[PDB]
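Form deposited in one PDB entry, single chain, as structure tokens, below.
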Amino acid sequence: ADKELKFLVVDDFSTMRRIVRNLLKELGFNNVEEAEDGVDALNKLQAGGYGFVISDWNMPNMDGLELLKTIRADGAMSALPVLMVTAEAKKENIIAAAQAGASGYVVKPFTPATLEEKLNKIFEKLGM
């Protein structure tokens, strides 16, 4: 994928965002910004420039599932890739994410290898 691809990393906890940001850097992606909930995320997304969202599940103000649905229903942002992160693979979460059109899911805690594989799966599928 293009190393200038701009990522938005969304989580209400700084430590989780820092993990993802560092992993993206290791993979060669330095164009990365952070958001602390779904509303903060949409505010950044609608300001423009983003090509990929990595979002947690549970957040105040607007949670990750709601963020995903809002993105998918948006007349402009509908196609934006969104990788959802879930604390544990409760089948209901995984199912809900799939139904709502998530690009992929990853269960935390996750290894660097797992995130890399998940991202590449999405890139390759989308011809990125």
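The first residue of the shown sequence is 1; numbering continues from there.
Unshown form solved in complex with a partner chain; subsequent notes refer to it.
Just one of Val39, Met77, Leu27, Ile94 comes within 4.5 Å of the partner chain in the entry with it bound, counting any heavy atom, and that one is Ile94. At a distance threshold of 4.5 angstroms between non-hydrogen atoms, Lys6 is out of contact with the partner chain in the entry with it bound. The shortest heavy atom separation between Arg21 and the partner chain in the entry with it bound exceeds 4.5 Å. Interface residue remark: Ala89 is counted as part of the site for the partner chain in the entry with it bound, having a heavy atom within 4.5 Å.
Contact check for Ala47: every heavy atom lies farther than 4.5 Å from the partner chain in the entry with it bound.
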